[PDB]
Amino acid sequence: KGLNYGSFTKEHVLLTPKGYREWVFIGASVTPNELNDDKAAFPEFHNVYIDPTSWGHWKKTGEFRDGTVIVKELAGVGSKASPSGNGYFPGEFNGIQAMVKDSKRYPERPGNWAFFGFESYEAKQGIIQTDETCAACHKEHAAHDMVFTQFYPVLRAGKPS
Amino acid sequence: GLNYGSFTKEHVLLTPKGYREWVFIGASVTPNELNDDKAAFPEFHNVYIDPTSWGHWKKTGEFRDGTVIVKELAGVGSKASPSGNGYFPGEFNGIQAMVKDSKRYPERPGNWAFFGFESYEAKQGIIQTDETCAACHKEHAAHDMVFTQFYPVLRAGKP
Ligand code: HEC
Ligand code: HEC
């Protein structure tokens, strides 16, 4: 049996995840403000994690099990140049988004993914999102089961032959 | 709570396996196009610290003997996505590492050994002279030769 990494309210809302920084990192991208008219949709660095149980299952199957939790952690750009050269380097943490795959808890949602926003790191739980607010952009464009695995080299290298 | 990374008899670091399941501490990007088409370390960098040393870090805010840090390099795969403009990873390029050991590296700056790797198929690392790597880390890293000003996981996790 595998361990369940998310905790949920009676209404199936994901409680604010603790310890996700010790989950399995799958990739990082950066949409800086200065390259998006000074207001990026999701500022700015994005560090992404999958719970360890679903990583074991992805390692053996290449699919996201029932119970997958993915957390995307946002951080600011801290600087543009360092002794290694020019670019983007992280500053401080900004917030988190999450998505959860569960046919039992979300049978009507596209892919059985529930997308969660979080009003702060202090909040008790996430806020479940409307289909147009998140799932639409992901189904339209993500490379596998509504997860942008074209940007998770850890997942592509870790899936079986 | 045992040591990670394995070593030869000369205590040269064997190529670490499974470091993608260690604790990630931050990512940066130096694209080629912002560095006269040839970044010193192309391009994305994803950095990991071994679980035992992460544990000791949450308690003490210090790197213990036996700390292993892996910097994994990857290419920029694209500059625009539905989330907007920026940089997005592509394929993996290689790895660098550093190991702290007061016993085995007593005459290295901070007792850190620095390891380069010829390719993912190399069986072991190549220990570097202090001029090649430790000089730059010593001059500029925020804490004990590690660029913790770029690892927010480490900064938020110390007591
Ligand atoms: C990254 C994201 C993740 C991480 C897993 C993944 O599917 O990649 C989550 C949990 C999440 N977002 Fe999503 N999102 C988009 C793109 C291109 C990426 C990867 C590249 C990057 O990090 O920049 C995402 C795209 C979009 C998008 C296109 C216009 C929309 C409208 C959204 N995302 C919306 C949402 C959410 C609604 C508030 C939400 C909770 C998300 N995304 C979660
Ligand atoms: C990142 C690095 C790491 C990760 C841990 C850390 O201290 O950040 C390792 C294990 C490593 N490098 Fe080093 N390096 C430099 C900078 C600014 C950063 C963090 C920001 C980023 O990811 O870009 C590093 C700087 C330099 C440098 C300045 C001119 C030189 C000459 C080197 N690094 C050299 C080396 C190595 C010699 C081959 C080597 C094994 C390194 N770095 C390992």
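As a quick test, which of the pairs A:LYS39/A:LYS104; A:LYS159/B:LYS71; A:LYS159/B:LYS138; A:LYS18/A:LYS159; A:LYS18/A:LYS104 have an alpha carbon distance above 30 angstrom in this structure?
A:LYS39/A:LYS104; A:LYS159/B:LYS138
Could you check the spin-label model distance between A:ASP66 and A:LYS10? Points 7 Å from the Cα along Cα→Cβ, value in nm.
Each label point lies 7 Å from its Cα, and together they span 2.4 nm.
Treating only the Cβ of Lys, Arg, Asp and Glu as charged (+1, +1, -1, -1), what charge dipole size does chain B show about its Cα centre? Round to the nearest 20 debye.
660 debye
From the phi angles alone, apply the Karplus equation (6.51, -1.76, 1.60; θ = phi - 60°) to segment A:102-112 and give each ³J(HN,Hα) in whole Hz, x where the residue is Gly or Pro.
Here the 3J(HN,Hα) series is 7, 5, 6, 7, 9, x, 8, 8, x, x, 6 Hz.
Please sort by residue number the GluC sites (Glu not before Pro) in segment B:19-127 whose DSSP state is loop and whose Cβ has at most 10 other Cβ atoms within 10 Å.
Passing sites in segment B:19-127 are B:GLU107, B:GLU121.
Report the residue, chosen from A:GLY76, A:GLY56, A:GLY126, that carries the largest GNM mean-square fluctuation when chain A is represented by alpha-carbon nodes joined by springs under 10 Å.
Among A:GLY76, A:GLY56, A:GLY126, the largest mean-square fluctuation in the Gaussian network model of chain A belongs to A:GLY56.
Please report the projected area of segment A:54-161's Cα convex hull averaged over all directions, in nm².
Values: hull surface 35.8 nm².
Mean projected area for segment A:54-161: 8.9 nm², to one decimal.
Counting only the backbone N, which residues of segment B:73-92 are under 16 Å from the spot 7 Å out from the Cα of B:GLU33 toward its beta-carbon?
Within reach of a label on B:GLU33, which here means backbone N under 16 Å from a point 7 Å along Cα→Cβ, segment B:73-92 contributes B:75-91.
List the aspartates and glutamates whose alpha-carbon lies under 16 Å from that of A:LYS101, not counting same-chain residues fewer than 8 positions away?
A:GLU11, A:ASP51, A:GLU63, A:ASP66, A:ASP131, A:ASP145
Which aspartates and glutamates have a Cα lying under 12 Å from the Cα of A:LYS60, excluding residues fewer than 8 positions away in the same chain?
Answer for A:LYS60, where 12 Å is the Cα cut-off: none of the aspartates and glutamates qualify.
Please compute the Kirkwood hydrodynamic radius of the protein assembly as shown from all pairs of different C-alpha atoms, in Å with one decimal.
Working: mean 1/r = 0.0488 Å⁻¹.
After inverting the pairwise mean of 1/r, the radius is 20.5 Å.
Looking at chain B, which longest stretch skips every one of the trypsin sites (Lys or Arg not before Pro) that is in a DSSP loop with at most 12 other Cβ atoms within 10 Å, leaving the sites themselves out?
B:39-102
Long-range amide H contacts for A:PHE8: which residues qualify at under 5 Å (H placed 1.01 Å from N, peptide plane, sequence gap of 5 or more or a different chain)?
A:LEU15
Pairs of alpha-carbon atoms within less than 8 angstrom and 6+ residues apart define the contacts here; what relative contact order does chain A have, in percent?
About 21 percent, as a whole number.
For segment B:62-149, calculate the relative contact order in percent as a whole number, restricting contacts to Cα pairs under 8 Å that are 6 or more residues apart.
20 percent
Throughout, read-outs are computed from the coordinates displayed, never taken from laboratory work. Cβ atoms come from the backbone with ideal geometry, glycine included; neighbour counts cover every protein chain shown.
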